[PDB]
Amino acid sequence: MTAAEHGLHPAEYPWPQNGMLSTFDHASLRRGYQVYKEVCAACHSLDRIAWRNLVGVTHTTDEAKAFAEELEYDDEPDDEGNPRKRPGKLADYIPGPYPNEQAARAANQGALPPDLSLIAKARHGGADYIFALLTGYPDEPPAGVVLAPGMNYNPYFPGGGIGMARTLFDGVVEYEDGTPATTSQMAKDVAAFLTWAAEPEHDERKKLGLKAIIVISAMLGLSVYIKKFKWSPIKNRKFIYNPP
Amino acid sequence: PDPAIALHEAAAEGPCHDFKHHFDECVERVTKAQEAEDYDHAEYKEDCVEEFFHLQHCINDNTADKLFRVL
Amino acid sequence: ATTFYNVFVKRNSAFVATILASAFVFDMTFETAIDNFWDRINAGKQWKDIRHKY
Amino acid sequence: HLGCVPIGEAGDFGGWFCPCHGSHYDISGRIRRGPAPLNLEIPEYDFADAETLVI
Amino acid sequence: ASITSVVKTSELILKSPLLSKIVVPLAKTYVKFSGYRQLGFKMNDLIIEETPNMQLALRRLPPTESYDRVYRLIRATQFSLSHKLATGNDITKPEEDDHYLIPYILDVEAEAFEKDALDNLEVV
Amino acid sequence: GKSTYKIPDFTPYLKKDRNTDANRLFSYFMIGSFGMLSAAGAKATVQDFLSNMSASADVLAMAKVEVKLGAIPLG
Amino acid sequence: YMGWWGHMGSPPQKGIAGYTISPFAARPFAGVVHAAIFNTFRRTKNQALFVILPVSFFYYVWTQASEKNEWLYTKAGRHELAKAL
Amino acid sequence: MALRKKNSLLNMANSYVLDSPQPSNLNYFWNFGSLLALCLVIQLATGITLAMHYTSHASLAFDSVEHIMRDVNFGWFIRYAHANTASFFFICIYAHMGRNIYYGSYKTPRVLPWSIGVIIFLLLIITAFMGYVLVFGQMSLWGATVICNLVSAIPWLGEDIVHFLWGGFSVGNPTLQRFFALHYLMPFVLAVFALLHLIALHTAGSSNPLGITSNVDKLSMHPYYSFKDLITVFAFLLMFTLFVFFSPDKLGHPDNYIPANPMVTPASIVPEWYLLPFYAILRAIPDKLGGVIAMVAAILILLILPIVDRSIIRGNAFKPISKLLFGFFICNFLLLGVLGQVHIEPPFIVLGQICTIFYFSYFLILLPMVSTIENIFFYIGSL
Amino acid sequence: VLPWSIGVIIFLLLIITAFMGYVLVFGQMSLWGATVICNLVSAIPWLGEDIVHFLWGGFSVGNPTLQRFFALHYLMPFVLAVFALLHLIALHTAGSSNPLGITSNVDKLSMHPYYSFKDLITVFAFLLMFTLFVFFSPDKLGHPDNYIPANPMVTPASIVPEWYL
Ligand code: HEC
Ligand code: HEM
Ligand code: HEM
Ligand code: HEM
Ligand SMILES: CCCCCCCCCCCCO[C@@H]1O[C@H](CO)[C@@H](O[C@H]2O[C@H](CO)[C@@H](O)[C@H](O)[C@H]2O)[C@H](O)[C@H]1O
Ligand SMILES: CCCCCCCCCCCCO[C@@H]1O[C@H](CO)[C@@H](O[C@H]2O[C@H](CO)[C@@H](O)[C@H](O)[C@H]2O)[C@H](O)[C@H]1O
Ligand SMILES: CCCCCCCCCCC1=C(C)C(=O)C(OC)=C(OC)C1=O
Ligand code: FES
């Protein structure tokens, strides 16, 4: 296939979480949630994430309950069996912008914006692909490219024509921690947050793996000693043959 | 302003200058070819995607680490 | 060495008791040690490090 | 007793009567008659408001 | 493949002057690179024995040959498990690589194959 | 070469202190450490693995319930 | 073809004396450094060609195929690709 | 008499794991059998655990796997352990089969354990194929579609059989629920056959790297091979740890994190890496039925190794030409694997055909020729 | 003694297998039977309550319990078949006993053809009984309440086990 059909391969960026012993930067996670909430959530759902998931990762219990309580969710019917709404709870999932695929496509010139809960695991590249894509819209498509109607040129996207326009521009978000919200900064934060959303066990997994590596290595060393100890009578065996 | 704007420009003029030239030459040719009549009824229309990828791949190699260092 | 052998090693009941008690101690101390080490190499990154802002 | 749900207002102590083995709970939900050993357990509940309790 | 087959084909080659001229040097190099002599084996020690015919041939070995084969197998097994090679007198020299077993198996097979032929005889 | 009473040379391998309690104790220290890490590793493995059967996070989220009291009449 | 202890199916053994020493009497890692360096070098040297020759051949074949495939799907390779299909 | 020998139940265990007489010179390539037993045990423990939290209904399957990753305590571990051990199972099984082919383990008197082994290998393929469908991501669905459509090539009844397998007219809920049930069962069938091949082996015992009898010099299985098996168990667990904790998705396809969509077709539908050589062999034959026959034949041809190997000597330790041919055969099998995942483009199309011819010609021409000639070289060379 | 002792375990495995399988229907008897039988574990001192919550995977019988019972119900018959095999292998050291209680070492008959063909008679007798239930009276041995979907609120009139328990 042509390189265009594949898409340009994203650079390998030095993410904080790269590194056998490295966690996510949780300050970046928090900022990335705020980009999701104020930019991406217009078109993209995050359906696998519940409010309780943010607690002790990006937000306190109170902040997350406040986010939940601002929304209305379907309650069980009342006593006359009429529909009712309730305020959200920590167990609720983050609600998406559209009621169904048809509504989603209608708002996006036919394209369906995917759910972003698994997108970091569902694309080759992970965080690097998300960062590369969001920051890789050239001002002008390379001379000769004919974009289909409602398409935007982005070399990282396979085929080059993506139905999502550029959305991150300097200062579309005002971070609550005072960080300068440049295109690059917002893309890095949101890519980190989405990577967390795809693999929230990441931090615990790598720490348990450190414990496993240490124990298993020690056991490997000791198993070598013990095998050699038990095998030494066989290895050291000597013979004298006197033909009968 | 976006740190990447300046880093990318620096990398294009500097370590990726050969690739920048090739992309530039390509665009000149393709625009000129589009300007000519009976271009729409041609069999093969050249693009500049290949040269663009060579340039971008190069810029990314010379920038990735520098950019993340200043975020 | 004789004394140590006689008390903790000679009887398998005592040897297994010693091994299990050591496993208990190792398990608890290793937990604490890794926790501290992990927190130092990932300092300022974890929720517990930013929690105070909120 | 075993883990059926008592029918309320019924009983002999006019609180709750478990139909399963005939154990009678009170208006406090205390066991009075029948095989049941304990009074109906109390959840951990708090009055956030005077009009709403959380359980 | 039967030892009979191998021995017959080899004798056809050794007969033809041309063939022997080109095959014998190859076969000698093959044997040197094979490296079984470096574990103190003779070639015949390597022949598969878990066959009725080979069990019979091994039972017909003279006791001395039999005892020495057992020792070479045990010694080679010890070199194998230790990851060592034979040195000195344990290396099989080319003159010691004698076909002690070939005559016994060729007799066993001669009878086995004659029996198969005669089981298919047709009175004319 | 011939006499079976002349033991082959084992001097490259023999320890001088082979009969001492220190000598045995060392090898039991290795065996014991290995048993200790195997015990600690098994305990960790069993505990973490079986915990899958305890209430999952979504079940733990479905616990605390709020009920109004204005609707409920006397008696 | 295999028996059991006491009647394993060995031809009669006679004339071999076998000797060994206790695992507690022996140094389990005796001669380890010499083995790790010289024994491993010998063993590896003697097997090296049987790995090197097939690996190098198949890697060269793959390299040629993958480079040509890459080239055929460039602009430069348009004509050669057209013929190939 | 010792209880372990006297009591019939204990004696069966004893005969396999304690008093079992083994050659004294097995090398580390004899350790894959116990690694395969370890993979099988891990897969049973993790698989039964996943079954406690997985839902086989197509509307819920993919989400039940997300629930496992996100909400079940250590669900991520159990899921990644199960997924990665499926790959390790195939690394160990290829190693084990490679050991068997290099050391002549298929020769008399071990034709029966080898032949049962070939069936174990087919059962592993079916087990792993069905388990992969259970996720019901894009690769799950589209992989099931293309592999199950190969059955349509069976003449006359092929289409009918496909609809019967699917339980409908395409891969859907009926197919997913039946694959769950069969995926649960197949590992138990596989464990029975694994046991059968060992019982069959026990009549000759293990072969050894020299290819001679070990009846002259036996070692108890315990403690010698027990403690030698621990070394590779810990080596395996270290490799397992590096994947499961540090790189859990390296061996997978990102498309399997997209929910199955019968409408959208993925860019490239490829099998799991361990099936790739067989897929390359299938692509090599232009005919549909031809390709399926070739693919199956590539596995069943292992059954003729006892015949086509004409050597008077067991195994390759002392056969320099056979060793070179084995090296080429193995590297070709890895090339086929690589070609299984390239696009159907020049020049990989022709290369795949050449590699497929080489694969079959090993069994049918080269091994019979080389083994015949080496017989003659051993005889003339040692005269 | 050994085939008999393994037999006692086979019997316990059958009880557990059949108990879990009955829950899988998730009718009223399924749910309420699971509730009452699993609560017996609460009687284990100190840890009993914790063990029950662990078995349920929650605070009452629900979805986690049903999905785990499915997985274990699938497994338990395979465990049971292994133990059935073990008790036979254990038996093979003495052979079958016989109705007189004496040795049969004096007078043995091959299992086939004699007991093969004698087993066919009872196989067909069994299949006739099977047929009468499965085709003509399929619900005679069951409880009608198990055709009502599980309702944690409403308790059935009487919760009894399957007849064999
Ligand atoms: C107002 C519309 C809109 C906004 C705002 C938006 N997107 Fe999208 N996005 C889309 C559409 C439409 C697609 C599908 C594009 C296609 O498939 O052609 C898409 C696709 C994507 C993809 C997948 C591309 C692929 O490989 O399939 C990712 C990743 C993505 N968006 C992330 C983001 C992030 C991160 C943000 C903002 C911080 C964002 N989007 C903001 C409309 C939007
Ligand atoms: C689940 C898969 C399998 C398991 C658990 C398994 C296990 C074992 C074990 C424990 C042994 C004895 C020790 C050893 O040599 O490694 C063995 C030997 C053997 N296996 Fe397997 N095996 C499996 C699959 C296979 C397959 C797929 C084949 C063949 C295609 C095979 C053929 C053999 C042969 C021929 C031997 C005897 C080798 C010898 O000692 O010379 N096995 N297996
Ligand atoms: C030889 C043994 C086995 C092999 C090779 C095997 C292989 C696989 C594979 C490849 C998958 C796809 C994994 C993924 O990408 O997520 C899978 C999934 C699954 N397997 Fe198995 N499996 C085995 C045994 C079992 C057993 C015994 C069970 C018992 C039910 C089981 C239950 C499951 C379940 C429920 C899933 C789907 C959940 C998931 O994807 O993780 N497996 N298996
Ligand atoms: C799945 C369940 C079982 C199966 C398939 C099974 C099968 C058999 C078979 C085929 C025999 C030999 C023929 C016969 O005597 O009927 C037998 C004998 C026996 N079984 Fe079972 N059995 C099972 C459960 C049990 C249980 C629960 C017990 C004990 C509590 C038991 C104890 C025995 C004993 C003691 C014998 C030998 C009796 C004799 O021949 O004198 N079995 N079983
Ligand atoms: C055959 C076995 C027979 C009986 C065995 C009974 C074992 C079953 C008990 C499960 C116990 C789990 O109990 C709970 O485990 C988890 C880890 O799993 C621990 O959790 C701790 O370590 C884990 C990682 O290991 C971290 O994610 C967590 O933040 C930390 O609190 C809890 O501190 C402990 O309370
Ligand atoms: C590997 C997993 C561990 C579990 C063991 C596998 C269970 C299935 C094993 C039973 C199958 C029958 O297996 C068969 O048993 C008998 C006795 O046990 C063995 O018989 C062998 O040992 C006994 C004494 O140990 C001797 O009387 C006999 O001369 C010898 O051949 C057979 O060599 C073995 O083939
Ligand atoms: C459920 C059936 C699985 C069969 C495998 C279980 C046996 C465990 C492996 C032990 C083993 C056996 C039996 C064995 O025979 C052998 O010698 C060749 C080994 O080590 C070199 C082994 O490791
Ligand atoms: S169940 Fe309540 S009275 Fe027995």
# chains A, B, ... in the order shown; residues from 1 in each chain; ligands from 1
>>> interface_residues(of="chain F", to="chain H", cutoff="8 Å", atoms="only C-alpha atoms", output="list in words")
residues 48, 49, 51, 52, 53, 54, 55, 56, 57 and 58 of chain F
>>> write_last_selection(atoms="N, CA, C and O atoms", output="mmCIF file, in the first residue's frame")
data_model
loop_
_atom_site.group_PDB
_atom_site.id
_atom_site.type_symbol
_atom_site.label_atom_id
_atom_site.label_comp_id
_atom_site.auth_asym_id
_atom_site.auth_seq_id
_atom_site.Cartn_x
_atom_site.Cartn_y
_atom_site.Cartn_z
ATOM 1 N N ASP F 48 -4.500 -11.999 45.346
ATOM 2 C CA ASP F 48 -4.881 -11.045 44.316
ATOM 3 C C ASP F 48 -5.866 -11.707 43.376
ATOM 4 O O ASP F 48 -6.897 -11.131 43.061
ATOM 5 N N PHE F 49 -5.553 -12.937 42.986
ATOM 6 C CA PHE F 49 -6.382 -13.649 42.042
ATOM 7 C C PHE F 49 -7.780 -13.915 42.600
ATOM 8 O O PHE F 49 -8.757 -13.677 41.902
ATOM 9 N N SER F 51 -9.410 -12.368 44.756
ATOM 10 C CA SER F 51 -10.157 -11.166 45.064
ATOM 11 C C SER F 51 -11.119 -10.822 43.928
ATOM 12 O O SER F 51 -12.050 -10.068 44.149
ATOM 13 N N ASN F 52 -10.919 -11.394 42.734
ATOM 14 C CA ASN F 52 -11.838 -11.175 41.625
ATOM 15 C C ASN F 52 -13.258 -11.556 42.049
ATOM 16 O O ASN F 52 -14.232 -11.052 41.510
ATOM 17 N N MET F 53 -13.382 -12.421 43.044
ATOM 18 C CA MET F 53 -14.699 -12.924 43.381
ATOM 19 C C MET F 53 -15.395 -12.047 44.412
ATOM 20 O O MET F 53 -16.589 -12.202 44.649
ATOM 21 N N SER F 54 -14.660 -11.121 45.020
ATOM 22 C CA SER F 54 -15.279 -10.157 45.909
ATOM 23 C C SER F 54 -16.027 -9.132 45.062
ATOM 24 O O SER F 54 -15.696 -8.970 43.893
ATOM 25 N N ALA F 55 -16.986 -8.410 45.658
ATOM 26 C CA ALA F 55 -17.801 -7.446 44.931
ATOM 27 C C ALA F 55 -16.949 -6.513 44.074
ATOM 28 O O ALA F 55 -16.033 -5.857 44.562
ATOM 29 N N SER F 56 -17.303 -6.439 42.789
ATOM 30 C CA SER F 56 -16.634 -5.558 41.850
ATOM 31 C C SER F 56 -17.044 -4.116 42.125
ATOM 32 O O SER F 56 -18.041 -3.879 42.796
ATOM 33 N N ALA F 57 -16.294 -3.167 41.551
ATOM 34 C CA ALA F 57 -16.428 -1.742 41.817
ATOM 35 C C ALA F 57 -17.825 -1.235 41.469
ATOM 36 O O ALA F 57 -18.336 -0.344 42.128
ATOM 37 N N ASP F 58 -18.415 -1.780 40.412
ATOM 38 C CA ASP F 58 -19.739 -1.351 40.008
ATOM 39 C C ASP F 58 -20.801 -1.828 41.004
ATOM 40 O O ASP F 58 -21.793 -1.135 41.214
#
>>> residues_near_ligand(ligand="ligand 6", cutoff="10 Å", atoms="only C-alpha atoms and all ligand atoms", output="ChimeraX atom specification")
/G:2-8 /H:4-21,34,37,194-196,198-205 /I:89
>>> write_last_selection(atoms="N, CA, C and O atoms", output="short mmCIF file (atom, residue, chain, number, x, y, z; two decimals), in the first residue's frame")
data_model
loop_
_atom_site.label_atom_id
_atom_site.label_comp_id
_atom_site.auth_asym_id
_atom_site.auth_seq_id
_atom_site.Cartn_x
_atom_site.Cartn_y
_atom_site.Cartn_z
N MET G 2 10.85 -50.14 27.26
CA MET G 2 11.45 -49.73 28.51
C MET G 2 10.80 -50.57 29.60
O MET G 2 9.60 -50.79 29.54
N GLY G 3 11.59 -51.04 30.57
CA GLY G 3 10.99 -51.78 31.66
C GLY G 3 10.78 -50.85 32.83
O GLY G 3 10.16 -49.80 32.70
N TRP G 4 11.30 -51.26 33.99
CA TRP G 4 11.18 -50.46 35.19
C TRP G 4 12.41 -50.71 36.05
O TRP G 4 13.22 -51.55 35.70
N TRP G 5 12.55 -50.01 37.17
CA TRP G 5 13.72 -50.20 38.01
C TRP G 5 13.92 -51.67 38.37
O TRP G 5 12.98 -52.33 38.81
N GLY G 6 15.15 -52.16 38.21
CA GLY G 6 15.41 -53.57 38.42
C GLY G 6 15.41 -54.37 37.12
O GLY G 6 16.09 -55.39 37.04
N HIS G 7 14.65 -53.94 36.11
CA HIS G 7 14.57 -54.66 34.85
C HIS G 7 14.32 -53.64 33.75
O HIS G 7 13.33 -53.71 33.03
N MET G 8 15.21 -52.66 33.66
CA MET G 8 14.97 -51.54 32.77
C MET G 8 15.05 -51.96 31.30
O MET G 8 14.43 -51.31 30.46
N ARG H 4 3.68 -45.43 48.14
CA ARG H 4 3.60 -44.83 46.81
C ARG H 4 3.59 -45.91 45.72
O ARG H 4 3.19 -45.63 44.60
N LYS H 5 4.03 -47.13 46.05
CA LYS H 5 4.10 -48.17 45.04
C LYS H 5 2.92 -49.13 45.21
O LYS H 5 2.50 -49.76 44.25
N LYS H 6 2.44 -49.25 46.45
CA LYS H 6 1.49 -50.27 46.85
C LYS H 6 0.09 -49.83 46.44
O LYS H 6 -0.67 -50.58 45.85
N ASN H 7 -0.25 -48.58 46.76
CA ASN H 7 -1.57 -48.06 46.50
C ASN H 7 -1.71 -47.74 45.01
O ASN H 7 -0.89 -47.01 44.45
N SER H 8 -2.76 -48.25 44.36
CA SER H 8 -2.84 -48.12 42.91
C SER H 8 -2.97 -46.66 42.47
O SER H 8 -2.36 -46.29 41.47
N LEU H 9 -3.74 -45.85 43.19
CA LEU H 9 -3.85 -44.46 42.76
C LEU H 9 -2.50 -43.75 42.88
O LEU H 9 -2.02 -43.20 41.89
N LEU H 10 -1.89 -43.80 44.08
CA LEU H 10 -0.59 -43.18 44.30
C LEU H 10 0.42 -43.70 43.29
O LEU H 10 1.28 -42.95 42.83
N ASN H 11 0.33 -44.99 42.97
CA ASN H 11 1.31 -45.56 42.07
C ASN H 11 1.22 -44.97 40.67
O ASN H 11 2.24 -44.82 40.00
N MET H 12 0.03 -44.60 40.22
CA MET H 12 -0.08 -43.94 38.93
C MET H 12 0.62 -42.58 38.93
O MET H 12 1.36 -42.27 38.01
N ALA H 13 0.41 -41.78 39.98
CA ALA H 13 1.14 -40.53 40.09
C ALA H 13 2.64 -40.79 40.15
O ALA H 13 3.41 -40.17 39.42
N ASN H 14 3.04 -41.72 41.02
CA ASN H 14 4.42 -42.11 41.25
C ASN H 14 5.09 -42.44 39.92
O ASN H 14 6.21 -42.00 39.68
N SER H 15 4.41 -43.22 39.07
CA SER H 15 4.99 -43.66 37.82
C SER H 15 5.22 -42.51 36.84
O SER H 15 5.92 -42.71 35.87
N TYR H 16 4.58 -41.35 37.05
CA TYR H 16 4.70 -40.25 36.11
C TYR H 16 5.58 -39.14 36.68
O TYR H 16 6.26 -38.45 35.93
N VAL H 17 5.58 -38.97 38.00
CA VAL H 17 6.18 -37.72 38.44
C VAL H 17 7.27 -37.98 39.46
O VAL H 17 7.98 -37.06 39.82
N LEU H 18 7.38 -39.21 39.96
CA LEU H 18 8.41 -39.40 40.96
C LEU H 18 9.41 -40.47 40.54
O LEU H 18 10.54 -40.14 40.20
N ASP H 19 9.00 -41.73 40.53
CA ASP H 19 9.90 -42.80 40.16
C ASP H 19 10.08 -42.91 38.65
O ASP H 19 10.84 -43.76 38.21
N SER H 20 9.37 -42.10 37.86
CA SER H 20 9.44 -42.25 36.42
C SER H 20 10.90 -42.29 35.96
O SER H 20 11.62 -41.34 36.21
N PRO H 21 11.43 -43.35 35.33
CA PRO H 21 12.84 -43.36 34.91
C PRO H 21 13.12 -42.53 33.65
O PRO H 21 12.59 -42.82 32.58
N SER H 34 6.73 -29.42 30.29
CA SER H 34 6.19 -28.93 31.54
C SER H 34 5.76 -27.48 31.37
O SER H 34 4.78 -27.10 31.99
N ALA H 37 2.31 -27.71 30.14
CA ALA H 37 1.41 -28.10 31.22
C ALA H 37 1.10 -26.88 32.08
O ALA H 37 -0.06 -26.65 32.44
N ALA H 194 -3.58 -34.59 25.93
CA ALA H 194 -2.24 -34.36 26.43
C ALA H 194 -1.88 -35.52 27.34
O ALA H 194 -0.80 -36.08 27.26
N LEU H 195 -2.84 -35.93 28.18
CA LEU H 195 -2.59 -37.09 29.00
C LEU H 195 -2.38 -38.35 28.16
O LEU H 195 -1.46 -39.12 28.44
N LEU H 196 -3.21 -38.56 27.13
CA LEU H 196 -3.06 -39.74 26.29
C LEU H 196 -1.70 -39.78 25.62
O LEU H 196 -1.11 -40.85 25.58
N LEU H 198 1.09 -38.67 26.74
CA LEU H 198 2.06 -39.06 27.75
C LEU H 198 1.98 -40.54 28.11
O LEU H 198 3.00 -41.18 28.35
N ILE H 199 0.77 -41.05 28.28
CA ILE H 199 0.63 -42.46 28.57
C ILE H 199 1.22 -43.25 27.39
O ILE H 199 1.89 -44.25 27.60
N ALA H 200 0.92 -42.83 26.16
CA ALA H 200 1.49 -43.55 25.03
C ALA H 200 3.01 -43.49 25.08
O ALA H 200 3.68 -44.49 24.80
N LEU H 201 3.57 -42.33 25.47
CA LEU H 201 5.01 -42.20 25.51
C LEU H 201 5.64 -43.12 26.54
O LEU H 201 6.80 -43.49 26.41
N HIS H 202 4.90 -43.45 27.59
CA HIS H 202 5.52 -44.08 28.74
C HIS H 202 5.97 -45.49 28.42
O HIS H 202 6.74 -46.07 29.18
N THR H 203 5.50 -46.04 27.31
CA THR H 203 5.96 -47.37 26.93
C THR H 203 7.41 -47.37 26.45
O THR H 203 8.10 -48.37 26.65
N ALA H 204 7.87 -46.32 25.77
CA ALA H 204 9.27 -46.26 25.34
C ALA H 204 10.10 -45.39 26.29
O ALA H 204 11.32 -45.49 26.31
N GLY H 205 9.42 -44.52 27.03
CA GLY H 205 10.08 -43.43 27.72
C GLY H 205 10.48 -42.29 26.78
O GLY H 205 10.50 -42.44 25.55
N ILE I 89 -10.91 -46.96 39.25
CA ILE I 89 -9.54 -47.44 39.27
C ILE I 89 -9.25 -47.99 40.67
O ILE I 89 -8.60 -49.02 40.80
#
>>> residues_near_ligand(ligand="ligand 4", cutoff="6 Å", atoms="only C-alpha atoms and all ligand atoms", output="PyMOL selection string")
chain I and resi 3-4+7-8+10-11+84+96-97
>>> residues_around(residues="stretch 138-151 of chain H", least_positions_apart="2", cutoff="8 Å", atoms="only C-alpha atoms", output="PyMOL selection string")
chain H and resi 132-136+153-154+158-159+161-162+170-171+253+255-262+265-266+269-271+288-289+292
>>> select_by_dssp(residues="stretch 1-65 of chain F", states="helix (DSSP H, G or I)", output="JSON, numbers by chain")
{"F": [21, 22, 23, 24, 25, 26, 27, 28, 29, 30, 31, 32, 33, 34, 35, 36, 37, 38, 39, 40, 41, 42, 43, 44, 45, 46, 47, 48, 49, 50, 51, 52, 53, 57, 58, 59, 60, 61]}
>>> residues_around(residues="residue D:42", least_positions_apart="5", cutoff="12 Å", atoms="only C-alpha atoms", output="list in words")
residues 28, 29, 30 and 55 of chain D
>>> residues_around(residues="stretch 299-303 of chain H", least_positions_apart="5", cutoff="10 Å", atoms="only C-alpha atoms", output="list in words")
residues 97, 101, 106, 111, 112, 114, 115, 116, 117, 118, 119, 121, 122, 278, 294, 308, 360, 363 and 364 of chain H
>>> interface_residues(of="chain B", to="chain A", cutoff="10 Å", atoms="only C-alpha atoms", output="number ranges by chain")
B: 1-5, 23-24, 26-31, 33-34, 45-54, 56-71
>>> write_last_selection(atoms="C-alpha atoms", output="mmCIF file, in the first residue's frame")
data_model
loop_
_atom_site.group_PDB
_atom_site.id
_atom_site.type_symbol
_atom_site.label_atom_id
_atom_site.label_comp_id
_atom_site.auth_asym_id
_atom_site.auth_seq_id
_atom_site.Cartn_x
_atom_site.Cartn_y
_atom_site.Cartn_z
ATOM 1 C CA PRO B 1 2.204 30.877 21.609
ATOM 2 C CA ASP B 2 2.490 27.247 20.541
ATOM 3 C CA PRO B 3 6.132 26.131 21.086
ATOM 4 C CA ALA B 4 5.720 23.697 18.205
ATOM 5 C CA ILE B 5 5.321 26.472 15.599
ATOM 6 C CA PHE B 23 8.411 19.303 -1.007
ATOM 7 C CA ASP B 24 8.717 22.881 -2.288
ATOM 8 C CA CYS B 26 6.972 19.213 -5.837
ATOM 9 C CA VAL B 27 4.323 21.808 -4.917
ATOM 10 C CA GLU B 28 5.657 24.196 -7.605
ATOM 11 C CA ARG B 29 5.340 21.434 -10.247
ATOM 12 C CA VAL B 30 1.888 20.278 -9.175
ATOM 13 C CA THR B 31 0.390 23.790 -8.935
ATOM 14 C CA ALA B 33 0.391 21.348 -13.722
ATOM 15 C CA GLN B 34 -3.041 22.185 -12.274
ATOM 16 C CA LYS B 45 -2.408 13.460 -11.341
ATOM 17 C CA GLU B 46 0.703 13.828 -9.181
ATOM 18 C CA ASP B 47 0.351 14.840 -5.515
ATOM 19 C CA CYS B 48 2.994 15.869 -2.992
ATOM 20 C CA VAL B 49 1.962 13.553 -0.193
ATOM 21 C CA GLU B 50 5.123 11.444 -0.440
ATOM 22 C CA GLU B 51 7.445 14.448 -0.131
ATOM 23 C CA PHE B 52 5.299 15.899 2.616
ATOM 24 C CA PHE B 53 5.588 12.660 4.580
ATOM 25 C CA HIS B 54 9.376 12.686 4.114
ATOM 26 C CA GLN B 56 7.125 15.636 8.351
ATOM 27 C CA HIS B 57 8.834 12.420 9.375
ATOM 28 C CA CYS B 58 12.083 14.351 9.477
ATOM 29 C CA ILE B 59 10.696 17.324 11.398
ATOM 30 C CA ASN B 60 9.160 14.924 13.937
ATOM 31 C CA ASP B 61 12.490 13.154 14.500
ATOM 32 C CA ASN B 62 14.164 16.484 15.275
ATOM 33 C CA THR B 63 11.455 17.981 17.427
ATOM 34 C CA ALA B 64 9.520 15.361 19.388
ATOM 35 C CA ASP B 65 11.836 15.359 22.417
ATOM 36 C CA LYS B 66 12.398 19.121 22.336
ATOM 37 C CA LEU B 67 8.684 19.877 22.259
ATOM 38 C CA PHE B 68 7.739 17.620 25.143
ATOM 39 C CA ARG B 69 10.595 19.137 27.154
ATOM 40 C CA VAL B 70 8.844 22.534 27.143
ATOM 41 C CA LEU B 71 5.351 21.332 28.135
#
>>> residues_near_ligand(ligand="ligand 8", cutoff="7 Å", atoms="only C-alpha atoms and all ligand atoms", output="ChimeraX atom specification")
/D:1-6,18-23,34-36
>>> write_last_selection(atoms="C-alpha atoms", output="tab-separated table (two decimals), in the first residue's frame")
chain	number	residue	atom	x	y	z
D	1	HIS	CA	-34.82	-17.07	60.60
D	2	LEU	CA	-34.02	-18.27	57.08
D	3	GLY	CA	-34.43	-15.19	54.90
D	4	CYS	CA	-37.95	-14.67	53.60
D	5	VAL	CA	-39.55	-11.22	53.67
D	6	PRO	CA	-42.13	-10.73	56.48
D	18	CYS	CA	-42.91	-14.08	58.15
D	19	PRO	CA	-45.27	-16.48	56.28
D	20	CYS	CA	-42.48	-19.02	55.76
D	21	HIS	CA	-42.21	-20.49	59.27
D	22	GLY	CA	-44.53	-18.11	61.14
D	23	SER	CA	-42.23	-15.74	63.01
D	34	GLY	CA	-41.65	-18.11	65.94
D	35	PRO	CA	-38.30	-19.70	64.90
D	36	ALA	CA	-36.45	-16.45	64.12
>>> residues_around(residues="residue H:238", least_positions_apart="6", cutoff="9 Å", atoms="only C-alpha atoms", output="PDB file with C-alpha atoms, in the first residue's frame")
ATOM      1  CA  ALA A 212       6.718  -9.521  40.495  1.00  0.00           C
ATOM      2  CA  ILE A 213       9.959  -8.819  38.632  1.00  0.00           C
ATOM      3  CA  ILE A 216      10.544 -13.803  40.238  1.00  0.00           C
ATOM      4  CA  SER A 217      14.159 -12.796  39.582  1.00  0.00           C
ATOM      5  CA  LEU A 220      15.145 -17.616  39.330  1.00  0.00           C
TER       6      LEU A 220
END
